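Report on the structure given below.
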Amino acid sequence: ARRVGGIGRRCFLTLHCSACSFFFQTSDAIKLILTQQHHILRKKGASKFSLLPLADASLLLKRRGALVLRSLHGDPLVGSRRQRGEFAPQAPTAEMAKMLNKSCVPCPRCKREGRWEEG
Amino acid sequence: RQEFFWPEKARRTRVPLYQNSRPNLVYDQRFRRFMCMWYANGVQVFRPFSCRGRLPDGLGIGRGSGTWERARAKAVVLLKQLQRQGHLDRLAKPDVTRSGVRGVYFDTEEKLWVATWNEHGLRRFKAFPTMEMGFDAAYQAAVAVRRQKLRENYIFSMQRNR
Amino acid sequence: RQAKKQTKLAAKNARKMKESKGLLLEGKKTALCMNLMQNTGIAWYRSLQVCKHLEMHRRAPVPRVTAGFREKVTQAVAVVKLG
Amino acid sequence: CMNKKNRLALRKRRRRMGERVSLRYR
Amino acid sequence: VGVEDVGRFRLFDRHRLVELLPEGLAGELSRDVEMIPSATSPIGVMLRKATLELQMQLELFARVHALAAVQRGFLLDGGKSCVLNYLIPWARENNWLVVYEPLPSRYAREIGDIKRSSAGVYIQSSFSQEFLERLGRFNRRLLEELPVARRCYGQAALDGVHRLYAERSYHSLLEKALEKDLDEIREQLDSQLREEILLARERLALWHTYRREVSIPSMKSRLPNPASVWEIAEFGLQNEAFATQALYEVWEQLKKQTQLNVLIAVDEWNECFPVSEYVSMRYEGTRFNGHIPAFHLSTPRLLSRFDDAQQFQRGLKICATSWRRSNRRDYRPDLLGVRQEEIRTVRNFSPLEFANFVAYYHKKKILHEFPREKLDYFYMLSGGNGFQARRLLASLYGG
RNA sequence: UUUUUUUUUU
RNA sequence: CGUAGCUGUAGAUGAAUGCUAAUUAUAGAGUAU
RNA sequence: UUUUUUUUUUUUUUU
RNA sequence: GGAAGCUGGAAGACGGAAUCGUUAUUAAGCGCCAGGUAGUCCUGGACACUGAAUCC
């Protein structure tokens, strides 16, 4: 009756991976990149090192950490009231996939380079 | 007990109550409850049976079993109690309305016997006349149409005290 | 009419008297999660968060009171209350 | 979307797009 | 019995059926038996064509053991659970050790206890005792007579995990301990080849000793020398610790030796993979919203492995899924363990079988009046489905 | 109102 | 598409949704608790 | 369709 | 200005009296957008489904 995805079992918030078998929503994407900041910084080679404190695992679960994650995630599904009819929101995975692949973030399952894809 | 409540937020059904072959039996689809109809003194009274969910591990019969078949099993056992004991079986001396049975009304522009009834959204009119058959033969035929048509579609009509 | 505000004010003061305990385990409902919601500053959200660290069923009846059990429950409440 | 009719529509619409929003009150 | 007798009902004694099936009826048959007003009436089960093909395979399998016979389980997909009410009682009457479990999910959606461990498998002390207690109701007089092998004594952990697999969880902890302790020998060039090799040789000597002293598995010291498999009464006595170790010991014991034919039937197997009603902190961000997967528990995992059917040298397993507890949808059969050549896809009841079902209810005084004129009319309404036929005829007078 | 997969369990 | 059918929970005596240390979006600018 | 499916329905259109 | 998380002991089970009217795909419910040239309403305009009864 009240299933998630509608009649066609839509899924406009998940991204598939070419390697292994593991998918996650865009909500967990923000936390994954922030946690694995040491690997990204060393890959390329103070103002640059500004998000170092956010790498803490316990800080994210605190009141301050909860607000930081929500600030970056703008909830693209929500929009203006006039966006009705043909002007409906589409899957925002196109932008997320580009950043996740360019940043060269390892997958939790298996340590690999950019292997993410839209799905 | 004789109140036909209609919940605001609910699916409307064309046939809320389903008529069965047994006289003292009726199935309610609105609340998926089983009820029995009998005349008592003068009014229609029912015994609603719960069908919602919540024990021995031998067999799933009786006791606390929250199954849709529990209501059916509780109704058959109760029906025989009235007939065997003969507590209340007696004919409905309670009348329906002025125009005989419910749904039949006299015509105002001339002498006619109208019997309106819905069937798959359609309806009928005209029915049989009254001047060409008197006030006795025409009246008898008017009631015979409603009872005959209700046995096919399995439509149950609630009788009002007034 | 106006006396009701002062009369109901005693109920708020009664909560302070019931305080000084790690958690009011006693409740009205059978479910531990539902009873835990009686405390101030906890609702349907925070009620489930506390039970996450307990490693028990959602509708788990409250077990027997133990001295060592209170310490674990009290410690989890502070972490959840931080937000 | 001020009343409970129009406001609840937004939450139900997002539920069909592959998201889970709490429902509960309002 | 035979191809000529298809779609007929076989009478069963009320008292005999209870003894043969102490747990209960197979499937939702309990909802249809309570409708009969007569208490002394027998119970009938239709003999579908799907049972004839399956029954013949079992006959040849028994005669061989006295590579032609099948050595793997089947799967019923699509009235799949209706055959269980006739295949289990018949097999039990032929001196077959049948494991009955029509409601395996009861140990995953009820009040219980969970204790996290290093192995990563949650245990249920409360539900572990009920598994053996219910199995011994009718399978007694045979387990005690069966001997016990000596090659599988005590190599299982408390949570039923093997010794080899359990000790692997501590590999990370021991890896860092040895790295810090290597400074004693590292600090005392010689040919640049032998000096490095000699240092590495010390790691092998220390690793071998470290893998046999730190770990102290419990080798069921409560029973030094067993004599049988049913004489394990200490498992029922202690429940806080010895609840899961004994459960897996019997499971492994029934693969190696071959003395009697066995059989396992797990109904409603489509509700073991989905998430359970439990709550924990093992979620992968938003995959479970803080819930324990059903397949991650102890009892559900024991009955969630079809690829291991090859080790069953005595018998085989079987499962079926027909209820509406979850939408089947695609229901991939290749990524589960079964093959495309072992799936029995049944179809709707034929018109011939439909007539018999209606007539069967008449003898039970279920219906009031069912004229033959409308017999074929009702076939199109419900479409001949068993679930839609019993419900439609129950609500109305029928016919 | 919520499904498995790239493999290290006799 | 919504009340679906179907099917789990508590066959609610306790489901009222406004108040706010706090963020989401449009806009050049909608700020302070 | 006995190696076939694995399922609710809208306000213009197969000219 | 719109929506959302968390938190929640704002004032209500009063009255079967009385005033606003419906000529049946009427009445009663529920769901969607077109324009108002950035956002910006519980009214107005406009489409679709379930859809009972009476002596009018």
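Computed values, structure above
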{"item": "Share of Cα-Cα pairs in the protein assembly as shown lying beyond 35 Å, as whole percent", "result": "67"}
{"item": "For region E:32-120, convex hull volume per residue from C-alpha positions, Å³", "result": "237"}
{"item": "GluC sites (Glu not before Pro) within region E:225-322: DSSP coil, no more than 10 neighbouring Cβ in 10 Å", "result": "E:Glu240"}
{"item": "At most 12 other Cβ within 10 Å, DSSP loop - chymotrypsin sites (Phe, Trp or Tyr not before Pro), region E:291-399", "result": "E:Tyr331"}
{"item": "Summed residue charge, Cβ within 9 Å of B:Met35's Cβ, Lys/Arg positive, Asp/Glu negative", "result": "+1"}
{"item": "Cα-based reach from C:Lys18 at 13 Å (exclusive), listing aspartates and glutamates while leaving out same-chain residues under 8 positions away", "result": "C:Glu26"}
{"item": "Formal net charge of residues neighbouring A:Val68 (Cβ-Cβ distance under 14 Å; K, R +1; D, E -1)", "result": "+4"}
{"item": "Unsatisfied cross-links (Cα-Cα over 28 Å) in the set B:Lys111/B:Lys149; A:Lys102/E:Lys180; D:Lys12/E:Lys80; A:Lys44/E:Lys180", "result": "A:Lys102/E:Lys180; D:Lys12/E:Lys80; A:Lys44/E:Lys180"}
{"item": "Rg(Cα) / (2.2 N^0.38 Å) computed for region E:154-275, rounded to two decimals", "result": "1.65"}
{"item": "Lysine pair number, Cα distance threshold 28 Å (strictly under), region E:250-380, separation 8 or more or different chains", "result": "5"}
{"item": "Low-density loop cleavage sites - GluC sites (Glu not before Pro) in chain C, where at most 13 other Cβ are within 10 Å (DSSP)", "result": "C:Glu19, C:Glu26"}
{"item": "Alpha-carbon Debye profile of region A:18-119, log10 I(q)/I(0) at 0.13, 0.14, 0.18, 0.19 Å⁻¹", "result": "-0.59, -0.67, -1.01, -1.09"}
{"item": "Dimensionless Rg ratio for region A:55-114, taking C-alpha atoms and the 2.2 N^0.38 Å reference", "result": "1.54"}
{"item": "Alpha carbon convex hull of region B:1-140, projected area averaged over orientations, nm²", "result": "13.1"}
{"item": "Eligible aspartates and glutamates near B:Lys9 by straight Cα distance, threshold 13 Å, same-chain separation 8 or greater", "result": "none"}
{"item": "Computed Kirkwood radius, in angstrom, where 1/r is averaged over Cα pairs of region E:276-353", "result": "16.0"}
{"item": "Magnitude of the charge dipole, region E:191-343, Cβ model with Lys/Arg +1 and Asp/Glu -1, debye to 20", "result": "160"}
{"item": "Charge-dipole axis of region E:284-343 as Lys and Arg at +1 and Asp and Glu at -1 on Cβ define it, positive-most pick from E:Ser322, E:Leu335, E:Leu303", "result": "E:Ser322"}
{"item": "Cα-Cα P(r), chain E, percent of pairs per 10 Å interval", "result": "4, 17, 25, 22, 15, 8, 4, 2, 1, 0, 0"}
{"item": "Most positive-pole-ward Cα, A:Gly74, A:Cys104, A:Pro89, against dipole of region A:54-119 from beta carbon charges", "result": "A:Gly74"}
{"item": "C-alpha center-to-center spacing [region B:39-102, region A:31-70] in angstrom", "result": "68"}
{"item": "Leading residue at positive end of dipole, the protein assembly as shown (Cβ point charges), from E:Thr209, E:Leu381, C:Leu82", "result": "C:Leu82"}
{"item": "Longest to shortest principal axis, alpha-carbon extents of region E:227-369, angstrom", "result": "60, 49, 37"}
{"item": "Alpha-carbon centroids, chain D and region E:249-316: separation in whole Å", "result": "38"}
{"item": "Value of D in µm² per second that Stokes-Einstein yields for region E:324-364, Kirkwood Rh from Cα pairs, at 37 °C (0.692 mPa s)", "result": "239"}
{"item": "Electrostatic dipole magnitude of the protein assembly as shown [Cβ: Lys, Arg +1; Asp, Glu -1; Cα centre; debye, to 20]", "result": "4800"}
{"item": "For region B:12-26 versus region E:111-169, the gap between their alpha-carbon centres in whole angstrom", "result": "55"}
{"item": "Diffusion coefficient, µm² s⁻¹, Stokes-Einstein with Kirkwood Rh over alpha-carbon pairs of region A:6-52 at 4 °C and 1.567 mPa s", "result": "96"}
{"item": "Net charge over other residues, Cβ less than 12 angstrom from the Cβ of C:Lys81 (K, R count +1; D, E count -1)", "result": "+3"}
{"item": "Set of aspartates and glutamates with alpha-carbon distance to A:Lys43 below 13 Å, sequence-local pairs under 8 removed", "result": "A:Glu113"}
{"item": "Whole-angstrom Cα spans of chain C along principal axes, big to small", "result": "48, 28, 23"}
{"item": "Size of electric dipole in chain B: Cβ of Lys, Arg +1 and of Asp, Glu -1, about Cα centre, debye, nearest 20", "result": "800"}
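All Cβ positions, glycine included, derive from the backbone under ideal geometry; neighbour counts span all protein chains shown. Just so you know, all these numbers are worked out from the coordinates, no wet-lab data involved.
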